[PDB]
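What follows is the content of model-v3.txt (compact mmCIF, C-alpha atoms and all ligand atoms).
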```txt
# COMPACT_ATOMS: atom_id res chain seq x y z
CA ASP L 9 178.57 -7.57 155.77
CA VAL L 10 181.55 -5.99 154.00
CA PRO L 11 184.73 -7.27 155.72
CA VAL L 12 186.72 -4.40 157.23
CA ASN L 13 189.67 -4.13 159.61
CA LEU L 14 189.88 -7.81 160.45
CA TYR L 15 193.52 -6.93 161.13
CA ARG L 16 194.81 -3.61 162.37
CA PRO L 17 198.38 -2.24 162.44
CA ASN L 18 198.77 -2.88 166.17
CA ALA L 19 198.22 -6.63 165.51
CA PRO L 20 198.66 -7.27 161.79
CA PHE L 21 198.17 -10.59 160.06
CA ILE L 22 201.49 -12.27 159.31
CA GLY L 23 201.07 -13.63 155.81
CA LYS L 24 203.61 -15.55 153.79
CA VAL L 25 204.63 -14.53 150.26
CA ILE L 26 203.71 -17.32 147.84
CA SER L 27 204.89 -15.75 144.57
CA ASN L 28 206.28 -12.47 143.32
CA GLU L 29 206.10 -12.14 139.54
CA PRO L 30 206.99 -9.30 137.16
CA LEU L 31 204.16 -7.60 135.25
CA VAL L 32 206.34 -5.24 133.26
CA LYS L 33 207.68 -7.11 130.24
CA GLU L 34 211.07 -6.51 128.60
CA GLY L 35 211.29 -3.00 127.23
CA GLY L 36 208.84 -1.55 129.75
CA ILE L 37 209.38 1.38 132.09
CA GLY L 38 209.71 0.63 135.79
CA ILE L 39 208.94 -2.40 137.91
CA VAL L 40 205.46 -3.62 138.80
CA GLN L 41 205.10 -6.94 140.52
CA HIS L 42 202.15 -9.26 141.08
CA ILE L 43 202.60 -10.52 144.60
CA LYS L 44 200.50 -13.27 146.09
CA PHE L 45 200.27 -13.86 149.84
CA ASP L 46 199.05 -16.89 151.79
CA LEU L 47 196.21 -16.03 154.15
CA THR L 48 195.83 -19.48 155.74
CA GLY L 49 196.16 -19.55 159.53
CA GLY L 50 194.23 -16.28 159.83
CA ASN L 51 190.77 -15.01 158.94
CA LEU L 52 191.48 -12.15 156.57
CA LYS L 53 188.57 -12.10 154.14
CA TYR L 54 187.96 -9.33 151.63
CA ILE L 55 185.96 -8.37 148.59
CA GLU L 56 186.75 -6.81 145.22
CA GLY L 57 187.87 -3.17 145.12
CA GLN L 58 189.16 -3.20 148.70
CA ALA L 59 192.71 -2.45 149.82
CA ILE L 60 195.13 -3.86 152.40
CA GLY L 61 197.98 -2.31 154.36
CA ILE L 62 201.53 -3.63 154.29
CA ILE L 63 203.82 -2.67 157.14
CA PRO L 64 207.39 -2.70 155.78
CA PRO L 65 210.26 -3.49 158.17
CA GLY L 66 212.67 -0.89 159.44
CA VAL L 67 212.57 2.66 160.69
CA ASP L 68 212.22 5.93 158.87
CA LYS L 69 214.86 8.70 158.80
CA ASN L 70 213.63 9.84 162.24
CA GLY L 71 214.09 6.38 163.76
CA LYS L 72 210.32 5.76 163.93
CA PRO L 73 208.89 2.37 162.86
CA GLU L 74 207.56 2.52 159.32
CA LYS L 75 203.81 2.85 159.00
CA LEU L 76 201.55 0.80 156.74
CA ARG L 77 201.12 1.66 153.08
CA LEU L 78 197.81 0.85 151.41
CA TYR L 79 197.68 -1.26 148.25
CA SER L 80 194.52 -1.97 146.24
CA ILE L 81 193.80 -5.69 146.30
CA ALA L 82 194.42 -7.13 142.81
CA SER L 83 192.75 -10.53 143.37
CA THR L 84 189.05 -11.39 143.78
CA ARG L 85 187.82 -12.47 147.23
CA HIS L 86 188.74 -16.03 146.27
CA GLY L 87 192.31 -15.19 145.34
CA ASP L 88 194.02 -15.93 142.04
CA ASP L 89 193.67 -19.71 142.47
CA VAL L 90 190.01 -19.35 143.40
CA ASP L 91 190.64 -21.25 146.64
CA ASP L 92 189.90 -18.53 149.26
CA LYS L 93 193.44 -18.99 150.59
CA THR L 94 195.33 -16.01 149.15
CA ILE L 95 195.41 -12.32 148.33
CA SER L 96 197.33 -10.55 145.64
CA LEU L 97 198.80 -7.11 145.14
CA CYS L 98 199.97 -5.17 142.13
CA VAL L 99 202.93 -3.17 143.33
CA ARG L 100 204.95 -0.59 141.45
CA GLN L 101 208.42 0.15 142.74
CA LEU L 102 208.29 3.86 143.50
CA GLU L 103 211.35 5.71 142.19
CA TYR L 104 212.18 9.36 141.48
CA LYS L 105 215.21 11.68 141.59
CA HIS L 106 217.29 14.87 142.01
CA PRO L 107 218.54 17.55 142.74
CA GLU L 108 216.48 17.51 144.95
CA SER L 109 218.92 14.89 146.45
CA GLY L 110 219.99 11.45 145.08
CA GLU L 111 219.94 10.70 142.28
CA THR L 112 217.35 7.87 142.38
CA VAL L 113 215.25 7.55 145.53
CA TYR L 114 213.42 4.22 146.13
CA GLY L 115 210.12 4.12 148.01
CA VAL L 116 210.40 2.13 151.25
CA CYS L 117 207.36 -0.17 151.12
CA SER L 118 207.21 -0.61 147.34
CA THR L 119 210.88 -1.63 147.06
CA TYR L 120 210.45 -4.02 149.96
CA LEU L 121 207.41 -5.55 148.29
CA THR L 122 208.78 -5.61 144.73
CA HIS L 123 211.95 -7.45 145.88
CA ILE L 124 210.26 -9.68 148.42
CA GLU L 125 211.09 -13.38 148.19
CA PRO L 126 208.59 -16.25 148.29
CA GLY L 127 208.44 -17.64 151.83
CA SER L 128 208.92 -14.21 153.48
CA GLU L 129 206.54 -13.17 156.23
CA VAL L 130 204.64 -9.93 155.69
CA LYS L 131 202.58 -7.77 158.03
CA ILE L 132 199.15 -7.31 156.44
CA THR L 133 196.31 -5.13 157.69
CA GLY L 134 192.73 -4.58 156.64
CA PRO L 135 190.95 -5.01 154.45
CA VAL L 136 189.78 -1.41 154.09
CA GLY L 137 187.66 0.60 151.75
CA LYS L 138 184.01 0.78 150.81
CA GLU L 139 184.30 3.32 147.96
CA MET L 140 185.45 0.93 145.20
CA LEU L 141 182.90 -1.84 145.63
CA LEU L 142 181.44 -3.65 142.63
CA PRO L 143 177.65 -3.84 142.41
CA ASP L 144 175.95 -7.17 143.08
CA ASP L 145 173.75 -6.49 140.05
CA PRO L 146 174.88 -8.82 137.21
CA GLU L 147 173.36 -6.42 134.64
CA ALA L 148 175.25 -3.33 135.84
CA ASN L 149 177.58 -1.55 133.45
CA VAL L 150 181.09 -0.98 134.74
CA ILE L 151 183.36 1.69 133.33
CA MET L 152 186.93 1.28 134.49
CA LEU L 153 189.39 4.11 133.99
CA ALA L 154 192.78 3.00 135.16
CA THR L 155 196.38 4.08 134.91
CA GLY L 156 199.33 1.93 136.01
CA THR L 157 198.68 0.09 139.25
CA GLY L 158 195.19 1.58 139.20
CA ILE L 159 194.49 -1.60 137.18
CA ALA L 160 194.42 -3.46 140.54
CA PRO L 161 190.78 -3.04 141.57
CA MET L 162 189.81 -3.44 137.87
CA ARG L 163 191.46 -6.86 137.80
CA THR L 164 189.40 -7.86 140.86
CA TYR L 165 186.20 -6.85 139.03
CA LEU L 166 187.09 -8.32 135.68
CA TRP L 167 188.31 -11.62 137.12
CA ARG L 168 185.13 -11.96 139.13
CA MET L 169 183.08 -11.11 136.04
CA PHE L 170 184.92 -13.13 133.44
CA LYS L 171 187.22 -15.89 134.75
CA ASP L 172 185.78 -19.36 134.13
CA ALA L 173 186.70 -20.44 137.66
CA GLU L 174 185.16 -17.30 139.16
CA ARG L 175 181.90 -17.87 137.24
CA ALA L 176 181.85 -21.46 138.49
CA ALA L 177 182.47 -20.33 142.09
CA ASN L 178 179.99 -17.43 142.02
CA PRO L 179 176.59 -18.85 141.03
CA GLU L 180 174.95 -15.58 142.22
CA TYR L 181 177.07 -13.38 139.92
CA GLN L 182 176.95 -14.31 136.25
CA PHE L 183 177.91 -11.03 134.67
CA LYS L 184 175.83 -10.02 131.68
CA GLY L 185 176.32 -6.27 131.60
CA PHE L 186 178.88 -4.22 129.73
CA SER L 187 182.36 -3.49 131.07
CA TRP L 188 184.81 -1.08 129.55
CA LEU L 189 188.35 -0.67 130.67
CA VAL L 190 190.34 2.28 129.45
CA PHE L 191 193.89 1.61 130.60
CA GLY L 192 196.75 4.11 130.34
CA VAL L 193 200.35 2.91 130.59
CA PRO L 194 203.46 4.22 128.84
CA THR L 195 204.27 1.14 126.70
CA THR L 196 202.90 -2.17 125.47
CA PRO L 197 205.29 -4.02 127.77
CA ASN L 198 203.75 -1.94 130.58
CA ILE L 199 200.24 -3.22 129.89
CA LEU L 200 199.80 -5.02 133.18
CA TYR L 201 197.91 -8.33 132.77
CA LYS L 202 197.78 -7.70 128.98
CA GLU L 203 197.39 -11.36 127.97
CA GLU L 204 194.54 -12.02 130.39
CA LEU L 205 192.77 -8.73 129.65
CA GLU L 206 192.95 -9.53 125.96
CA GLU L 207 191.76 -13.13 126.58
CA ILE L 208 188.72 -11.73 128.39
CA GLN L 209 187.92 -9.31 125.52
CA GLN L 210 188.20 -12.13 122.95
CA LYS L 211 185.98 -14.41 125.00
CA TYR L 212 183.46 -11.71 125.88
CA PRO L 213 183.46 -9.22 123.02
CA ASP L 214 179.90 -8.05 123.79
CA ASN L 215 180.49 -7.71 127.55
CA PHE L 216 184.03 -6.31 127.73
CA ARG L 217 185.69 -3.56 125.75
CA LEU L 218 189.38 -2.92 126.23
CA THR L 219 190.86 0.43 125.22
CA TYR L 220 194.51 1.40 125.73
CA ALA L 221 196.21 4.75 125.97
CA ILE L 222 199.89 3.98 125.39
CA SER L 223 201.79 7.21 125.79
CA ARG L 224 205.09 6.16 124.17
CA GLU L 225 203.47 4.46 121.16
CA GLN L 226 200.43 6.59 120.34
CA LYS L 227 199.75 10.26 119.78
CA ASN L 228 196.49 12.06 120.50
CA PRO L 229 194.86 14.19 117.78
CA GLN L 230 196.82 17.23 119.05
CA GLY L 231 200.12 15.35 118.48
CA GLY L 232 200.67 14.86 122.21
CA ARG L 233 201.44 11.50 123.79
CA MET L 234 198.24 9.47 124.30
CA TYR L 235 196.91 9.42 127.87
CA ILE L 236 193.76 8.01 129.40
CA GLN L 237 192.14 11.51 129.33
CA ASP L 238 192.64 11.53 125.56
CA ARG L 239 190.80 8.20 125.13
CA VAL L 240 188.03 9.45 127.37
CA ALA L 241 187.79 12.62 125.23
CA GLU L 242 187.79 10.43 122.14
CA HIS L 243 184.92 8.36 123.54
CA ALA L 244 183.27 11.04 125.65
CA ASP L 245 179.80 10.76 124.05
CA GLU L 246 179.78 6.94 124.31
CA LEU L 247 180.94 7.09 127.91
CA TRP L 248 178.38 9.77 128.76
CA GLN L 249 175.64 7.73 127.13
CA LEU L 250 176.61 4.74 129.27
CA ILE L 251 176.91 6.86 132.41
CA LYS L 252 173.28 8.02 131.99
CA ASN L 253 172.15 4.44 132.69
CA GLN L 254 170.83 4.13 136.27
CA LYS L 255 172.81 0.91 136.55
CA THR L 256 176.18 2.20 135.37
CA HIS L 257 179.09 2.49 137.78
CA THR L 258 182.33 4.19 137.01
CA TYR L 259 185.65 3.39 138.66
CA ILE L 260 188.74 5.55 138.45
CA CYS L 261 192.00 4.36 139.88
CA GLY L 262 195.63 5.30 139.62
CA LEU L 263 198.09 7.96 140.58
CA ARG L 264 196.38 11.34 141.07
CA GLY L 265 195.98 13.62 138.07
CA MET L 266 193.71 11.94 135.54
CA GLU L 267 190.38 13.16 136.99
CA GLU L 268 190.57 16.68 135.62
CA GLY L 269 190.85 15.66 131.95
CA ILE L 270 188.20 12.97 132.44
CA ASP L 271 185.82 15.56 133.89
CA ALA L 272 186.55 18.03 131.10
CA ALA L 273 185.71 15.38 128.47
CA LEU L 274 182.51 14.19 130.14
CA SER L 275 181.58 17.78 130.99
CA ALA L 276 181.63 18.68 127.27
CA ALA L 277 179.60 15.55 126.37
CA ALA L 278 176.92 16.15 129.00
CA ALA L 279 176.70 19.89 128.22
CA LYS L 280 175.38 18.87 124.79
CA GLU L 281 172.22 17.58 126.45
CA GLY L 282 172.03 20.55 128.80
CA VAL L 283 173.52 18.65 131.74
CA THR L 284 176.15 20.07 134.06
CA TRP L 285 178.49 17.13 134.49
CA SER L 286 179.85 18.32 137.85
CA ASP L 287 176.32 18.33 139.34
CA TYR L 288 175.32 15.03 137.77
CA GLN L 289 178.62 13.59 139.04
CA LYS L 290 177.91 14.85 142.57
CA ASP L 291 174.66 12.89 142.36
CA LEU L 292 176.44 9.79 141.02
CA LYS L 293 178.93 9.99 143.89
CA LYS L 294 176.13 10.34 146.46
CA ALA L 295 174.38 7.33 144.86
CA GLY L 296 177.60 5.29 145.10
CA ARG L 297 177.98 5.01 141.35
CA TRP L 298 181.05 7.22 140.95
CA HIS L 299 184.03 5.50 142.50
CA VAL L 300 187.44 7.15 142.70
CA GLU L 301 190.63 5.91 144.35
CA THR L 302 193.66 7.90 143.36
CA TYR L 303 196.89 8.26 145.25
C1 LIG J 401 194.06 3.48 148.66
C2 LIG J 401 195.48 3.34 148.06
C3 LIG J 401 195.72 2.32 147.14
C4 LIG J 401 196.99 2.18 146.59
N1 LIG J 401 197.20 1.15 145.68
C5 LIG J 401 198.46 0.94 145.17
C6 LIG J 401 198.68 -0.14 144.31
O1 LIG J 401 197.78 -0.93 144.00
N2 LIG J 401 199.96 -0.32 143.81
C7 LIG J 401 201.00 0.53 144.15
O2 LIG J 401 202.11 0.33 143.68
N3 LIG J 401 200.78 1.59 145.01
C8 LIG J 401 199.51 1.80 145.52
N4 LIG J 401 199.30 2.88 146.39
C9 LIG J 401 200.47 3.71 146.83
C10 LIG J 401 201.18 3.03 148.02
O3 LIG J 401 200.34 3.05 149.14
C11 LIG J 401 202.49 3.73 148.42
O4 LIG J 401 202.23 5.12 148.65
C12 LIG J 401 203.51 3.59 147.29
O5 LIG J 401 203.74 2.22 147.11
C13 LIG J 401 204.84 4.25 147.64
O6 LIG J 401 205.16 3.88 148.99
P1 LIG J 401 206.66 3.59 149.44
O7 LIG J 401 206.62 3.19 150.85
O8 LIG J 401 207.35 2.75 148.44
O9 LIG J 401 207.24 5.07 149.32
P2 LIG J 401 207.62 6.02 150.59
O10 LIG J 401 208.94 5.57 151.10
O11 LIG J 401 206.47 6.11 151.49
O12 LIG J 401 207.87 7.41 149.84
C14 LIG J 401 206.76 8.21 149.40
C15 LIG J 401 207.21 9.66 149.35
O13 LIG J 401 207.92 9.89 148.14
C16 LIG J 401 208.02 11.35 148.10
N5 LIG J 401 208.26 11.87 146.74
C17 LIG J 401 209.08 12.89 146.45
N6 LIG J 401 209.08 13.09 145.13
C18 LIG J 401 208.27 12.19 144.60
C19 LIG J 401 207.88 11.93 143.29
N7 LIG J 401 208.37 12.66 142.30
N8 LIG J 401 207.00 10.94 143.07
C20 LIG J 401 206.51 10.22 144.07
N9 LIG J 401 206.86 10.43 145.33
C21 LIG J 401 207.73 11.41 145.61
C22 LIG J 401 206.77 11.89 148.77
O14 LIG J 401 207.26 12.55 149.93
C23 LIG J 401 206.03 10.62 149.19
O15 LIG J 401 205.38 10.79 150.46
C24 LIG J 401 198.02 3.06 146.94
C25 LIG J 401 197.78 4.08 147.85
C26 LIG J 401 196.51 4.22 148.41
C27 LIG J 401 196.31 5.37 149.41
```

Kindly return the structure encoded in the file as structure tokens.
Ligand SMILES: Cc1cc2nc3c(=O)[nH]c(=O)nc-3n(C[C@H](O)[C@H](O)[C@H](O)COP(=O)(O)OP(=O)(O)OC[C@H]3O[C@@H](n4cnc5c(N)ncnc54)[C@H](O)[C@@H]3O)c2cc1C
Amino acid sequence: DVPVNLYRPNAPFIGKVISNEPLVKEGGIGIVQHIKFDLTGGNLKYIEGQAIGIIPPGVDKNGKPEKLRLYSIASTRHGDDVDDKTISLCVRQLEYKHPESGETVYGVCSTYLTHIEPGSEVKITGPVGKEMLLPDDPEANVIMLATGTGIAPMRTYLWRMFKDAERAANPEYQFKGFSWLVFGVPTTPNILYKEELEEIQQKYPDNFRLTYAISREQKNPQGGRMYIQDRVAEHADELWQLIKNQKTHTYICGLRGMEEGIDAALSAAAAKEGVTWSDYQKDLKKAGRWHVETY
């Protein structure tokens, strides 16, 4: 039922780039691009919260062909134009430095993708992943804890839940639960999909809450830069209260490192009711209600 490995790296789908648009506004840190690919002429289907592989061209330092890199799908199953013809990615150019040795090093696949031109052919594999799936239940609650490109699966959920065209195309999923995105990025210009996220919150103030942790613009109560873990601490009791609902799912996505602080905050909240968060969490994970994809 869930589409998986319709294309594999030995015989990838050759998609065509339709558009490659910047998500980091002036004054932001780094480069994150929204890249849409044409899937017509193949049968790649996918659902929300899945990933695809991109095989970049070229060889590594050892002369070996480059392997795929996985990217969380950033579009719903219908694609951004709700036509079932495309797939989108949210790709950060990886960069870091020296010495070490450099200075700046640019990641192979992410640079390729971030600079890719419309009309270019791309090797796509997948889809993959069954750990970040959105429940069919329209009354589920969905907590979304995202940093940077970790917004990607969250966009697939929120678009499916809240886009007019999605609602029109998905008679079986008219979302009436509560969704809460806590989104950590370093600056306001770095708030990926800011305008649309804020449009959703304005249109659905009872069904979507949007909370930001903007490290360069906000301080936590300890005077440190504000990170997602700080907003989770700040709202730990509320989040815990929501988590206790049998229908609540939580999704965490982003670069590795945010889980520890999130657990500490929820651990303290749950301990107040004599619950050991780490055990309760094990049970949530087993039930498929605790979804993590960090990289
Ligand atoms: C399930 C999944 C979903 C993902 N979703 C997304 C997504 O939606 N958007 C996105 O942009 N990426 C996503 N990623 C990451 C993506 O797959 C690539 O790993 C990333 O784009 C960098 O790949 P690259 O080919 O550009 O870098 P590569 O050329 O592969 O270089 C990566 C190497 O950089 C080295 N390195 C050294 N120092 C550092 C440092 N300080 N910081 C980082 N690396 C360092 C490490 O050796 C690392 O292996 C996801 C990964 C997974 C597994």

Residues of chain L that have any atom at most 7 Å from an atom of ligand LIG 401 (chain J): could you tabulate them with the shortest-distance atom pair and the distance in Å to one decimal, using all atoms listed in the file, ordered by chain and increasing number, as CSV?
```
residue,atom,partner,partner_atom,distance
L:59,CA,J:LIG401,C1,6.2
L:77,CA,J:LIG401,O3,4.3
L:78,CA,J:LIG401,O3,4.0
L:79,CA,J:LIG401,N1,3.6
L:80,CA,J:LIG401,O1,4.1
L:81,CA,J:LIG401,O1,6.6
L:97,CA,J:LIG401,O1,6.4
L:98,CA,J:LIG401,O1,5.1
L:99,CA,J:LIG401,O2,3.6
L:100,CA,J:LIG401,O2,3.7
L:101,CA,J:LIG401,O8,6.4
L:102,CA,J:LIG401,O8,5.1
L:103,CA,J:LIG401,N8,6.9
L:104,CA,J:LIG401,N7,5.1
L:105,CA,J:LIG401,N7,6.9
L:114,CA,J:LIG401,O8,6.7
L:115,CA,J:LIG401,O8,3.1
L:116,CA,J:LIG401,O10,3.7
L:117,CA,J:LIG401,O7,3.5
L:118,CA,J:LIG401,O8,3.5
L:119,CA,J:LIG401,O8,5.8
L:157,CA,J:LIG401,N2,4.8
L:158,CA,J:LIG401,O1,6.0
L:160,CA,J:LIG401,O1,5.4
L:301,CA,J:LIG401,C1,6.0
L:302,CA,J:LIG401,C2,6.8
L:303,CA,J:LIG401,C25,5.0
```

Problem - Atom pair atom CA of residue 24 of chain L / atom CA of residue 93 of chain L: separation (Å) - result: 11.2 Å

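Using all atoms listed in the file, the shortest contact distance between residue 219 of chain L and any of L:189, L:142, L:241, L:124 is found at L:189.
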
Handout entry: Distance criterion (only C-alpha atoms): nearest to residue 62 of chain L out of L:30, L:23, L:192, L:231
Key =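 When distances to residue 62 of chain L are compared using only C-alpha atoms, the smallest one comes from L:23.
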
Exercise for the section: Go through L:246, L:139, L:281, L:144 one by one, measure the shortest atom-to-atom distance of each to residue 178 of chain L using all atoms listed in the file, and give the residue with the smallest value. Expected result: L:144

Problem - L:49, L:156, L:296, L:229 ranked by distance to residue 201 of chain L, top pick (using all atoms listed in the file) - result: L:156

Handout entry: Atom-to-atom span, atom CA of residue 234 of chain L and atom CA of residue 266 of chain L, Å
Key =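 Between these atoms lies a distance of 12.4 Å.
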